[PDB]
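Report on the structure given below.
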Protein chains: 2
Amino acid sequence: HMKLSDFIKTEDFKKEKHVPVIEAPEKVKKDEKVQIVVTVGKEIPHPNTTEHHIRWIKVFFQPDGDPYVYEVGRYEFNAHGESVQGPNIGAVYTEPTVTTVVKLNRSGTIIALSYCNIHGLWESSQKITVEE
Amino acid sequence: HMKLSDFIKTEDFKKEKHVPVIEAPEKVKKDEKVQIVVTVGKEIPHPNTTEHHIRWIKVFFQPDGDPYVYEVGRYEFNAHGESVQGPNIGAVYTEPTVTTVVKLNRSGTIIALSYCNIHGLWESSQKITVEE
Ligand SMILES: [Fe+3]
Ligand SMILES: [Fe+3]
């Protein structure tokens with residue numbers, strides 16, 4: 001009985017900085033380009049230092065009535081002030097927010113998963129309706 | 001004499017659908033959140049099918065006067081209509097456009113690299129100035 005799920009946390013993003021917050025329309029037209037914004041640290045900011053940072057956000061789509069989830073994408077945030085001069089002396093920091101664009105032809109659920117280098121995995125989800 | 005560079009192409013995105021197009025401000029303030037939008041198929045659309053699609057966009061930052069490039073991030077577009085029902089029968093397509101957010105403290109060059117599953121690697125770049 002060792003499951004990854006035991007170590008995927010969810011919380012109210014109002015209480016917890018680590019929760020990825022999905023911003024996506026509630027209902028869209030079939031095949032139109034939909035913008036999905038996912039942010040970690042939306043209400044409570046999360047640190048972005050060489051030692052402590054959000055590594056990535058991943059988005060999944062679960063089509064209603066489908067048995068599976070589909071990986072929409074993985075969005076890696078890879079600069080956190082590292083330098084040959086020392087940690088946090090670098091020129092560039094990648095913030096844990098991403099806008100991805102999808103085309104859907106069926107209603108389903110958007111699932112966001114994020115990973116902190118020291119605080120593990122965090123998730124949220126939001127239903128999305130598709131129409132002609 | 002086998003170099004990856006021999007197989008990284010650049011072109012005018014007006015002529016070539018495969019070129020990643022950077023949209024970023026020309027000049028920013030030190031440590032403010034800067035939005036960088038990168039799109040493949042900005043002017044000429046590129047296919048998004050199970051058989052033929054853009055896999056990812058990667059962003060690099062080259063700080064002026066630094067010897068190195070830094071990987072800002074890798075943004076994977078992972079759904080292209082695959083299904084147990086057959087190719088291109090799936091519910092979701094991830095379009096090759098991404099918005100990433102960075103904080104810079106030095107002027108440099110944004111370098112975009114993209115990868116098509118059948119047409120290889122493509123790049124573009126744009127200078128960015130930082131100020132107090
Ligand atoms: Fe953390
Ligand atoms: Fe191609």
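Read-outs: derived from the displayed coordinates by stated rules, not from any lab. In this analysis, Cβ positions are derived from the backbone assuming ideal geometry, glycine residues included, and neighbour counts consider all displayed protein chains.
Total residues in the stretch A:94-112 satisfying the condition of being more than 16 Å from B:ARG74 (Cβ to Cβ) and not small (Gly, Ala, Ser): the figure is 9. Quick one: would you say B:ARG74 is within 16 Å of ligand 2 (Cβ to nearest atom), among the basic types (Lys, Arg) and within 20 Å of the chain's Cα centre (by Cα)? Answer is no for this residue.
Can you spot a residue in the stretch A:87-98 that is of a type in the set (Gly, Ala, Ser) and either part of a strand (DSSP E or B) or more than 8 Å from chain B (Cβ to nearest Cβ) (or both)? No, every residue in the stretch A:87-98 fails to be of a type in the set (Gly, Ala, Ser) and either part of a strand (DSSP E or B) or more than 8 Å from chain B (Cβ to nearest Cβ) (or both). Would you confirm, using the coordinates I've provided, whether B:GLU71 is away from ligand 1 (no atom under 16 Å from the Cβ), without any contact (Cβ under 8 Å) to a residue 40 or more places away in the chain and surrounded by fewer than 19 Cβ atoms within 10 Å (Cβ to Cβ)? Considered against the rule, which asks whether it is away from ligand 1 (no atom under 16 Å from the Cβ), without any contact (Cβ under 8 Å) to a residue 40 or more places away in the chain and surrounded by fewer than 19 Cβ atoms within 10 Å (Cβ to Cβ), B:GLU71 comes out as yes.
Which residues, counting only those in the stretch B:99-114, are in contact with a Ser or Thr (Cβ under 8 Å, 6 or more places away or on another chain) and either at the interface with chain A (Cβ under 7 Å from one of its Cβ atoms) or within 16 Å of ligand 1 (Cβ to nearest atom) (or both)? Talk me through it step by step, then tell me what you get.
Step one: filter the stretch B:99-114 for residues in contact with a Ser or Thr (Cβ under 8 Å, 6 or more places away or on another chain), giving B:99-102, B:107, B:109-112.
The answer is B:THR99, B:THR100, B:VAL101, B:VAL102.
If you check A:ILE111, A:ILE89 for being within 21 Å of B:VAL98 (Cα to Cα) and without any contact (Cβ under 8 Å) to a residue 60 or more places away in the chain, only one passes: A:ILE111. The residue that is farthest from A:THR109 (Cα to Cα), among those in the stretch A:49-60 that are without any contact (Cβ under 8 Å) to a residue 60 or more places away in the chain and either in a strand (DSSP E or B) or within 15 Å of the chain's Cα centre (by Cα) (or both), is A:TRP56.
Here A:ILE44 qualifies as away from chain B (no Cβ under 14 Å), part of a loop (DSSP other than H, G, I, E, B) and either within 16 Å of ligand 2 (Cβ to nearest atom) or of a type in the set (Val, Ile, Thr) (or both). Pairs are defined by a Cβ separation below 8 Å, a sequence spacing of at least 6 or placement on different chains, a first member in the stretch A:115-126 that is away from chain B (no Cβ under 14 Å), and a second member that is within 14 Å of ligand 1 (Cβ to nearest atom) and hydroxyl-bearing (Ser, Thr, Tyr); the pairs so defined are A:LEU121/A:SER114; A:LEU121/A:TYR115; A:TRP122/A:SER114; A:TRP122/A:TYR115; A:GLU123/A:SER114.
Cβ-Cβ distances below 8 Å connect the following pairs, each with a first residue in the stretch B:26-48 that is in contact (Cβ under 8 Å) with a residue 40 or more places away in the chain and of a type in the set (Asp, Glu), a second residue that is surrounded by fewer than 19 Cβ atoms within 10 Å (Cβ to Cβ) and in a loop (DSSP other than H, G, I, E, B), and a separation of six or more residues or different chains: B:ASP31/B:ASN105.
For the stretch B:60-86, a tally of residues being under 30 Å from A:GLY81 (Cα atoms), more than 7 Å from chain A (Cβ to nearest Cβ) and among the hydrophobic types (A, V, I, L, M, F, W, C) returns 2.
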